[PDB]
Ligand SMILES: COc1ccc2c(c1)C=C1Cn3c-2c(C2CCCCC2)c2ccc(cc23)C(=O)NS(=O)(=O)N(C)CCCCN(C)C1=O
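First comes one chain, alone, set out as structure tokens in the form deposited without the named molecule.
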């Protein structure tokens, strides 16, 4: 069967769509090669549609059934609570897509009569109706990238598939507790979204150093979402059903599985029948948990199939990394090829074939690799970094255009110890915010899929929790990391690092002059910029922070808001 069938109706935008980075004094001071930065539009959806649409073969085996039973066994431990309409509405992003039936997200959040009645009747319908496919909208997602030269040229838009707001709320009631509890209970330390940045590094390094002779690799599946079959989604349901559930939750999940998750009709922004999905929806609550469970299931089974020895794996939706015991290079290569063949049979064929890796720093997972610097006292300190091209492009875009999500802020938070986040992102964005007296103004970003509202002035204490004091004192980055950043900047026409130091000195002064919370940013975020460096003791209010819901689960596509 096919991931998708199409009527021929176009995937239509519902606004004007911007695709060229503007010429702007502020974005130009970050990045000069503006013609290299673009945003995807629905104009390219057609191309994505081809890519995402294919037939699937899935042959299951005993390794699969064994691993499933073992997961269900752990799932059986869970007891999951039904969320109230109150809690579920408060999880709705303030700018979430309005319902087709009058109300929008503000009315959900205010618990207005229209929204709540509509939500109750959607809920009743999930209990009464077992079969009717629920409708979904299909939109071309606008994301910013840098042009890739002789690599492809330009990326076509990604596609998001989501149900109406009413349903989205009813999903949270039935499932928010499950998707944010079950994956941990099932996969234990292999569940990626449980780790803060510092914890992810520890886990990767400890696992690596714990192996007698480590070999590692990552595995990129070609369109994970389109390769998810309806068996997979039913199997995923079977895991959920092992939870103690309130009866209304149980029916809700059941109806939601047959009616929404397993597949259904697609409609374009103009109300026209677009086609039919028989694979994972990118834009539902279970998308992240479902993908993580499925990736883990298939991957664990395929390990058993390839007889990889003492495997530790770390899964974040479709992103998967394995670290195991080497058995020699020829034999490591053979086992890896067998592993792919097993994934391929489970319907998770690779994008590019996986490459056995013997140095932890040569492994990329979720765009990231471990790298090494030293702290003030000079000790080696591992930390996660990435190629800064995409972040920098997105930052330029966000500096030029008001956008709902500030990826620059997310990148500062998640990649705070990196050379490029400290020297460029912080300098740039604190210089602007300072100029515009927006330091206190809160700003939306996403971490692990969920949406957070963060005040920039709270960044020092956030970074301390997420990374530890170390993140403000790192120096002597690896040659390879420095040169990646250096050439990245030449490519994009970002001023050289030398220039950012100069701009930082100015910014730091201006923050210290301001005193209070602003001055703390100056001291901590920009200590690297000065020669006569300040001693940095732990920030008191760091320990007072409530990051309770920050690194608990993944919610990519799931319409989730924290504050």
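Residue numbers count along the first chain shown, from 1.
**Q** Tell me whether residue 19 is absent from the model in at least one third of the other entries compared, counting only those where the residues either side are present.
**A** Per the records, residue 19 is modelled in all the other entries.
**Q** Checking the other PDB entries with both flanking residues built, is residue 361 absent in a third or more?
**A** No, none of the compared structures omit it.
**Q** Got a sec? Mean C-alpha B-factor, which is higher, 162 to 170 or 185 to 193?
**A** The deposited B-factors put 185 to 193 ahead on the C-alpha mean.
**Q** Can you tell me whether 54 to 62 has a higher mean C-alpha B factor than 532 to 540 in this record, or the other way round?
**A** Per the deposited B-factors, the answer is 532 to 540.
**Q** Please pick out which of 220, 464, 387, 398 has the largest Cα B-factor as recorded in the entry.
**A** Most elevated C-alpha B-factor of the set, per the entry: 220.
**Q** Could you tell me which one of 291, 411, 229, 436 shows the highest CA temperature factor in the PDB record?
**A** Answer, based on the entry's C-alpha B-factors: 436.
**Q** Lowest, middle or highest third of the chain for the C-alpha temperature factor of residue 522?
**A** Answer is middle: the recorded C-alpha B-factor places it there.
**Q** Using the temperature factors of the C-alpha atoms in this entry, rank residue 326 within its chain: lowest, middle or highest third.
**A** For residue 326, the deposited C-alpha B-factor lands in the middle third.
**Q** Pull the Cα B-factor of residue 415 out of the PDB entry and bin it into the chain's lowest, middle or highest third.
**A** Answer is middle: the recorded C-alpha B-factor places it there.
**Q** Select lowest, middle or highest to describe the third in which the CA B-factor of residue 553 falls within its chain in this entry.
**A** Ranked within chain, residue 553 CA B lands in the middle tercile.
**Q** Would you mind ranking residue 440 by its C-alpha B-factor against the rest of the chain and naming the third, lowest, middle or highest?
**A** CA B-factor rank for residue 440: highest third.
Separately, the form solved in complex with the named molecule exists; it is not shown, and the next lines address it.
**Q** If you drop the named molecule in as it sits in the entry with it bound, superposing on the site C-alphas, does this form leave room, or do 3+ ligand atoms land within 2.4 Å of backbone or C-beta atoms?
**A** Blocked, going by where the named molecule lands after superposition on the site C-alphas.
**Q** Residue 294 near the named molecule in the entry with it bound, any heavy atom under 4.5 Å?
**A** Looking in the entry with it bound, residue contacts with the named molecule do not include residue 294, since no heavy atom lies within 4.5 Å.
**Q** Hey, in the entry with it bound, does residue 45 get a heavy atom within 4.5 angstroms of the named molecule?
**A** Although the named molecule is absent here, residue 45 would stay clear of it in the entry with it bound, with no heavy atoms inside 4.5 Å.
**Q** Taking any heavy atom pair closer than or equal to 4.5 Å as contact, tell me whether residue 172 reaches the named molecule in the entry with it bound.
**A** Looking in the entry with it bound, residue contacts with the named molecule do not include residue 172, since no heavy atom lies within 4.5 Å.
**Q** Might residue 494 be said to contact the named molecule in the entry with it bound, defining contact as any heavy atom within 4.5 Å?
**A** Although the named molecule is absent here, residue 494 would touch it in the entry with it bound, with heavy atoms inside 4.5 Å.
**Q** Though the named molecule is not shown, can you say which of 425, 343, 274, 239 has a heavy atom within 4.5 Å of it in the entry with it bound?
**A** In short, 425.
**Q** Within 4.5 Å of the named molecule in the entry with it bound, heavy atoms considered, which of 300, 399, 190, 136?
**A** After the contact test, the surviving option is 399.
**Q** Just one of 496 to 504, 534 to 542, 512 to 520, 64 to 72 has residues with a heavy atom within 4.5 Å of the named molecule in the entry with it bound, so point it out.
**A** Comparing against the named molecule in the entry with it bound, the contact stretch is 496 to 504.
**Q** Could you list which residues of 362 to 396 come within 4.5 Å of the named molecule in the entry with it bound, counting heavy atoms only?
**A** Stretch hits, in order: 392, 393, 395, 396.
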